[PDB]
Amino acid sequence: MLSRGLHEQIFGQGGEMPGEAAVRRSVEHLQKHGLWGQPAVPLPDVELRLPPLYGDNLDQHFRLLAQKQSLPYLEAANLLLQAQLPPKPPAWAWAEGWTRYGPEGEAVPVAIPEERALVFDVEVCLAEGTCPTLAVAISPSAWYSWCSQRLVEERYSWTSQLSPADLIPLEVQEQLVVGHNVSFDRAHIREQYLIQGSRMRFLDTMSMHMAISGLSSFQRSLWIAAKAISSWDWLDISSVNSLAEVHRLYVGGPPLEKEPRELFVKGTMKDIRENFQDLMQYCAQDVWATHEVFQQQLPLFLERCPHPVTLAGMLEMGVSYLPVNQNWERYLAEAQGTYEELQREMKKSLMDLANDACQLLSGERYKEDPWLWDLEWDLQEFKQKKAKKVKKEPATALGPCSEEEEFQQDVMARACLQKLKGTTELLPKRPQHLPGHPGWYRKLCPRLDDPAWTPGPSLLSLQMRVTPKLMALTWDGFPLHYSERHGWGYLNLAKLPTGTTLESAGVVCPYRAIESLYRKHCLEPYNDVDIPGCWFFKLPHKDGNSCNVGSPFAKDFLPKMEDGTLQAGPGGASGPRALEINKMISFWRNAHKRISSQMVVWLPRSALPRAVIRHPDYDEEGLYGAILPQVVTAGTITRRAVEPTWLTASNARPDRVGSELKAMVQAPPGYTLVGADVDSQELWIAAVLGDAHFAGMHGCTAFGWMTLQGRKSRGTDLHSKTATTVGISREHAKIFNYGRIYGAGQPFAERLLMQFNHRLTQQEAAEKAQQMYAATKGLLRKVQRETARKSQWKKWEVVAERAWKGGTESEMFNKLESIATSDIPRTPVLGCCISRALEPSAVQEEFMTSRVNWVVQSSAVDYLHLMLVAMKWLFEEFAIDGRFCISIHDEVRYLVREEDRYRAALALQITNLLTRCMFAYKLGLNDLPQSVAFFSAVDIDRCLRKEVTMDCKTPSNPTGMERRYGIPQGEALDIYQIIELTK
Amino acid sequence: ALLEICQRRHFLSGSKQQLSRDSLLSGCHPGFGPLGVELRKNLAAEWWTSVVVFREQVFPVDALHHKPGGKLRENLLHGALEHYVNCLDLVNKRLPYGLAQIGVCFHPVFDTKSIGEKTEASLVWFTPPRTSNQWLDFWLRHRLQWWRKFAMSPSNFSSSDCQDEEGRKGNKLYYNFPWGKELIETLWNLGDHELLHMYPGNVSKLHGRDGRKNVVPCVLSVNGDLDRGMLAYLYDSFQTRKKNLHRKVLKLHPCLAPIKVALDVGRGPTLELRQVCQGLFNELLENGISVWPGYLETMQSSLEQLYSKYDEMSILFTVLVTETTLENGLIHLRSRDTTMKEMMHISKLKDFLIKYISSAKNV
Amino acid sequence: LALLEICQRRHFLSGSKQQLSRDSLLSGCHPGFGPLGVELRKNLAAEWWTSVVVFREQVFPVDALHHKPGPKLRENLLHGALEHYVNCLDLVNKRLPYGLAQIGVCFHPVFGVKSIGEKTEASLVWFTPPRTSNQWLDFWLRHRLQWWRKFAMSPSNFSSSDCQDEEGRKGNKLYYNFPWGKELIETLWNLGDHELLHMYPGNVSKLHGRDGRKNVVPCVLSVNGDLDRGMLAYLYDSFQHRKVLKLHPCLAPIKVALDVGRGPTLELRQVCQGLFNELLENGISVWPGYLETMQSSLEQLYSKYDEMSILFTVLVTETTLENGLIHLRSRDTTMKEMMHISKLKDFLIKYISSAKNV
DNA sequence: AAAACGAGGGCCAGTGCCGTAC
DNA sequence: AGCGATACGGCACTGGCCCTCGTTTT
Ligand SMILES: Nc1nc(=O)n([C@H]2CS[C@H](COP(=O)(O)OP(=O)(O)OP(=O)(O)O)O2)cc1F
Ligand SMILES: [Mg+2]
Ligand SMILES: [Mg+2]
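Residue numbers (the deposited numbering), protein chains in the order written: chain A, 78 to 249, 262 to 316, 341 to 510, 530 to 623, 630 to 662, 738 to 992, 1025 to 1228; chain B, 68 to 136, 179 to 221, 229 to 355, 362 to 485; chain C, 67 to 137, 180 to 219, 227 to 355, 368 to 485.
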């Protein structure tokens, strides 16, 4: 009820648009494909009073919303554009707080620079951060320079107070701040940290550049190489995201100079004040360049991204907010302790193995070792020079009692000792590393004059290349090696010759202990090169490999470690345990810096909502604070969020160490976060882009039907339907699908599916060939498929037909390619063009995959923006306290309160529905399916995570530490209307 | 189960043949050797450091061995509980706070009629009821951590969560001996029962300021057998397939090792400026590092003999003084962890030893 | 006198109201010790083991059982040292005259019904040939008297007496003037081989050790000192309107204390915690009066820290959070000084190492 | 007596594999 | 035309510039 799926909507009476021939072709396509065994399972239809629509369509609804949400800021930006610049002051004021430079650059002591808008770039002495030190900001009126309290020499104590720069104006419109990487500056704003607020938004010039003329990482790698036939025509129309480069791109003025000493990161606070004037001047150059760049970009961005939805979406996307407490510091301490412990254990074991292996140096018995013979085994003893003379040899030149009368013979021996000491010091010079020990052991030791010297051999690894060979047995064999790749592994007769000769002088190579080790192994070049394992003699070459890269070292082969082959000795289960230790600290090793350095400002009990103090939680002399995620508003591709820490933040695994990082964002008492994850967006997007191109309805495609058919709740989605083949659930199948949509390479799908299912190559290849049906088919000498009915002809002139290309049958890749052929903007829908560097105009363009991905991921990001502006629209219109946003591409979480959580979740469902209807309306028809209209999951609890039920590693017990529980949602939230008076 | 000869040959233990696993686990052993009691000395000191000194609110308590009213004390927890009020007066009623003590205890044992004594390091942690299980978990993790270091294989030391007959939660610490696991330390959460029984009259003098309110203190208790611990490290230190070449050496952690360095005389014979050895001796002991004196000797034997003799004593480094060093000033050195000759200067050797121990104490 | 009362309010001894008399303290009967007394005793024992570990050539540490090996508690600390004689003959390679030291809790009966008392004593059993026995006995007399003299505030308080009898050929006893009555602190005897020959007959061919190509059963020297009596001795030696205990720096339990002066601010606590860590990192016993909670007067504070024999008192005011300057205050001179916080560790360490002299 | 050349180690940036998220 | 895509970092390894010290030079 009806048309195989629709709901009661007031989004337009008409409508069909029947397309009888089209739906006949679609039904005929879905019968021969063929799917005609409908399950006929109608979802419970929902009847509720929709919020006021402003008409006519929802396009103009979202447009008016996005415009009114971004109008004051647009006015402010226009105040920045038509700004007449007052020149830089002759000298900078060395005073705390703000200084206003107006007429002739005089110094006017000011607490807060009251302006509608300004550019900004804060400075921070990294030597003892992360506390702001210098700032410069220009305004359409005059200049401003802010100095921190670091003008007086003290022995401060940084617990991150409300010392960051003040910028917001008090009430008892309004603000806009632009700047290069504006989020970092935002993180140094005094009033941005408050639980409430804020009127002030930010505009990122970097994000803007990325939206206008951005480029991919691959494009960056060869852009900087400037120091594939028509791949060099975009080299001068775009640039990397550096400030100097983007200024030289948009302004094209003189190359701005960068600080040659890098004093803010290389030097201390001492050498900053000595060069205060100059550093100030540098900051001024930066904010000026930023201003010019902004002035030039705003109209360009407004042209290329005409829809205000993207504007407002980019406005709210910058003002993220993460509330936390003392449990953060506890998390840091505990996780770091765990890490140091496991590392202590691992390094202890490894250095123990390295120590007992250092004994076979005497005498020359290392040549017999099948693992230890490539390395140094050096023996040094240097050095001295002659100063004493002459002509005599210095190499050879039971009585009981009780005497003590020589009371001072002790200080005699002492004097002899000290006199003997300070006369050898001039014999050597610079203390070198321990020569007595072999070279491989010297390298595996810290220097003696090193401030962080640890005893014995440190610097053990995991993932090094000496130690894995130091112990491990190698795949039913004995030796492992390295040259262009390590031991070969994971990621009609053939023969190869052998040879053995001597000529002197190289290093001795044993190959008997190898054979005998093989004997000992099977005690429980050819043949045995295919499935079994063995090593030849010398050569060296592949002779039976599958991976085209190699892998130093085997750090994710636990099922190929806890199944026999391969193993280690000595010995036993030390191998699998070592791999376990590695897997555990894998995350924290490459993140601990970003996490521990991740700053956070604490707000005192004076500047917090007393409505929280009233709530039965203080808590026991507890400190409450927060951190702004510091996010680049738009990064390629397409204009997504880019953040060093929180976007690459590990999820909740009972294995990883810092796996709780995601669940450490704990909402203040009285408050609770309500969020949701789109399930799914990219798949359904591709689907819609297929069926809206094929016909008018939503299920007129082979691919676009299975998408909106399965339900994740007690059912089976498309991902879950491919995961149960089998098949592996569930993220793996997702990777297989989204990998298939953007280039399902036969060997890639091969080694991937074979990596995920763990079976044999033949049956796997069969499954792949079975699934490769979706992309099939496709199109002098050529592929035997064209527009003519047969390929064979004789001198038939048809070069005018070799311009069409597109797959057939199941998928809809033809539309994704259709948007990838247009030399004009390519923006669906909405509706923003990107990069003068990926536009096929004056580009080869040979970057197809990146462009298809750009299409669908842009649909995802426009989806995101729409979700944002929608959520904001019904959050201010109604009495919903807590508008602060926290989003990760697909997922989005709002910081609400415990009494408005259900109505907020309702707002989420509304938002999702309206956005889906928008994507439907932008292609026709406005009618939309059922099992895609509303969120299946809506999380509502104190801290944010993935599922409602959360366990962990480091704290072991989650609810053991002060926590609560989550709640799935749902169908029960559909009883509280958007009106304030519910329940 | 054959390193016993190494314990008798070099006195970390008694030389009596009657030293069964039972005789050692019970505490009925004749006594430990000098190296043994020094090993236990350093282990106990390392307890004292990472338990009492570093953590505030923790103070040493002197409990008696008997009762004024024959059999002795079975645990030094009670004698510590007796000193609660005064030690409440010195901390100004600011709990949580603890009392630690390393004392020898006497256990009655029926040999299948005797009595076995064993040294135990007990800490009694007076903590508010609101934070009992949290401090129990804390001390569990930190005791287990303190025992898992020093180890050449921390995988042996394990923990077991267990409950009382009443319901009180507690944890036990095990070490994996070659014949199975064995209890080495016991952690329990006593619900203020004993203190209430000790002070029936005025329960007011027991109230401790949790913060904004005075509460009756819940009593945490951790008792660690340092004898069984000493034996555990002694076993862990000793080595195990396809090694191709084996040497007898126990690898004790450089911190708790009985004898740090070993000073000798080489080439040999050389008279008589060998008084410098005395100098290095007193200089070394002045900085508190154990140094074995190789002066009066009957060997006069292969260097491998006394090298193995020092590796059977887990001596970290072997410093050698010869006449060429009497000439310039670069003595010889041989590490235990990695048997290798290395030349070094004198004060540089002293400071290298100090830095070796100090940095070994770290990560 | 008024010394026993300031050892109660400052916790050198355990809480008592009737068994706080001089006689009950001289007796092993306890009311054991307060934390201060425990630390004083531990430092004292550390210095004892130090004053006998610097001794050439080698003396081996051992530990004896407390109960009777055959079913009872120990009176002396000699038997246990004698049992490990034959064993420790191997380690010295039977080469020279040698000794065995040990510090332990020994018991003695105290006289309604009769009870039992405890005393923690340190003993040394020195095996030496009969010919050089007496000479070495005098040597040990000198070194021990000097040992008690080093940490003493007055060397005339410690006395040395000679004596002998039929069983012991020559013996010496170390007394301590109080002066409410000179008391016994340490005994030095020269027991013959009879004691040793009584528990190993025979075949006594094991007992005689080499003395320069000579087989001879060694005469036994019995050193036996009391560390409780010694503790009380130094306590009475340190007692000096002023009521200040001036214990020796190396011997003093807590040697420094630091509080705050400015009103209860988190930053002060941060700085004080920093100094706490820095000082404990270099082995310096420090009392944390910055907890605090009130920091009342400064005079009764200094009085408290003087009755606790604290060497230096430190004050961390609000000015410290600017210049780094801090208020030092001595005990032996009570001079109110001021200095930078970074150079505190070095000053303390140097002051402690300067007291190293004999 | 004094000028010059080669060996050793640190600071530097580039490169290859791996770690996570969506 | 052929294809995993958008990122964010880490550590291990390396060839090259630069300074210091010694072996070799009026
Ligand atoms: N390999 C992937 N490439 C992608 O571009 N994506 C993302 C970019 S945004 C959008 C979010 O994907 P998700 O990770 O949340 O996965 P999904 O929502 O599409 O599917 P599901 O609902 O999570 O089962 O597709 C995800 C991948 F896993
Ligand atoms: Mg999803
Ligand atoms: Mg997602």
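For each residue, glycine too, the CB sits at the ideal point set by N, CA and C.
Nonlocal neighbours in the same chain, by C-beta distance under 8 Å from residue i, ignoring five residues either side
i	result
residue 1169 of chain A	94, 905, 909
residue 364 of chain A	402, 405, 406, 409
residue 78 of chain A	119, 122
residue 424 of chain B	none
residue 227 of chain C	none
Residue i, enclosing alpha helix (DSSP H) - first and last residue
i	result
residue 1098 of chain A	1093–1121
residue 201 of chain C	Taken as a continuous stretch (DSSP letters only), residue 201 of chain C belongs to no alpha helix (DSSP H), as it is neither H nor E.
residue 897 of chain A	895–907
Spatial neighbours of residue i in its chain, beta-carbon cut-off 7 Å, leaving aside the 5 residues before and after
i	result
residue 396 of chain B	387
residue 153 of chain A	193, 194, 265
residue 894 of chain A	1105, 1108, 1135
Limits of the unbroken beta strand (DSSP E) element including residue i
i	result
residue 211 of chain B	206–218
residue 463 of chain C	463–467
residue 73 of chain B	Here residue 73 of chain B belongs to no beta strand (DSSP E); instead the alpha helix (DSSP H) covers 71–76.
residue 934 of chain A	Run containing residue 934 of chain A: none in the beta strand (DSSP E); it sits in the alpha helix (DSSP H), 931–936.
residue 415 of chain B	413–416
Own chain residues within Cβ distance below 6 Å of residue i, not counting five before or after
i	result
residue 97 of chain B	81, 83
residue 371 of chain C	433
**Message:** Using a strict less-than 7 Å threshold between each residue's beta carbon and the heavy atoms of ligand 2, what residues do you get?
**Reply:** A/890, A/891, A/892, A/893, A/894, A/1135
**Request:** Name, going along the chain, the residues of the stretch 217–233 of chain A whose beta-carbon falls closer than 9 Å to a beta-carbon of chain C.
**Result:** Taking 9 Å as the cut-off between beta carbons, the residues of the stretch 217–233 of chain A near chain C are 229, 230, 231, 232, 233, in sequence order.
**Prompt:** Closer than 7 Å, Cβ to any Cβ of chain A: which residues of the stretch 314–330 of chain C, in chain order?
**Reply:** Identification of residues in the stretch 314–330 of chain C having a C-beta nearer than 7 Å to some C-beta of chain A yields 326, 327, 328, given in sequence order.
**Prompt:** What residues in the stretch 117–129 of chain B bring their beta carbon closer than 8 Å to a beta carbon of chain C?
**Reply:** 120, 121, 123, 126, 127, 128, 129
**Request:** Would you list, in chain order, the members of the stretch 291–305 of chain C that have their beta-carbon closer than 8 Å to a beta-carbon of chain A?
**Result:** Within the stretch 291–305 of chain C, no residue places its CB atom closer than 8 Å to a CB of chain A.
**Request:** Could you list the residues in the stretch 411–441 of chain C with a C-beta less than 7 Å from some C-beta on chain A, going in chain order?
**Result:** If the cut-off is 7 Å between Cβ atoms, the stretch 411–441 of chain C has nothing near chain A.
**Prompt:** Any residues in the stretch 536–553 of chain A with a beta carbon nearer than 9 Å to a beta carbon of chain B? Which ones, in chain order?
**Reply:** Within the stretch 536–553 of chain A, the qualifying residues are 541, 542, 544, 545, 546, 547, 548, 549, 550, 552, 553.
**Request:** Identify each residue in the stretch 452–469 of chain A for which the Cβ-Cβ distance to at least one residue of chain B is less than 9 Å, and report them in chain order.
**Result:** 453, 454, 456, 457, 458, 460, 461, 462, 464, 465, 467, 468, 469
**Prompt:** Closer than 7 Å, Cβ to any Cβ of chain C: which residues of the stretch 373–391 of chain B, in chain order?
**Reply:** none
**Item:** the stretch 1036–1052 of chain A contacting the stretch 985–992 of chain A, beta-carbon criterion three pairs below 8 Å
**Value:** yes
**Message:** Three or more C-beta pairs under 8 Å: does that hold for the stretch 1072–1086 of chain A against the stretch 812–832 of chain A?
**Reply:** no
**Message:** If contact is defined by three or more beta carbon pairs under 8 Å, each pair taking one atom from either stretch, is the stretch 838–852 of chain A in contact with the stretch 292–301 of chain A?
**Reply:** Output reads yes: the stretch 838–852 of chain A touches the stretch 292–301 of chain A.
**Prompt:** Taking a cut of 8 Å between CB atoms, which residues from the stretch 443–460 of chain C lie near chain A?
**Reply:** 447, 448, 449, 450, 451
**Item:** Stretch pair the stretch 645–653 of chain A + the stretch 766–786 of chain A: three plus CB contacts closer than 8 Å
**Value:** no
**Prompt:** the stretch 568–580 of chain A: which residues have C-beta closer than 9 Å to a C-beta of chain B, in chain order?
**Reply:** 568, 569, 570, 573, 580
**Asked** Okay, do the stretch 199–211 of chain B and the stretch 233–241 of chain B touch, 3+ Cβ pairs below 8 Å being the bar?
**Response** Counting Cβ pairs under 8 Å, three or more are found: they touch.
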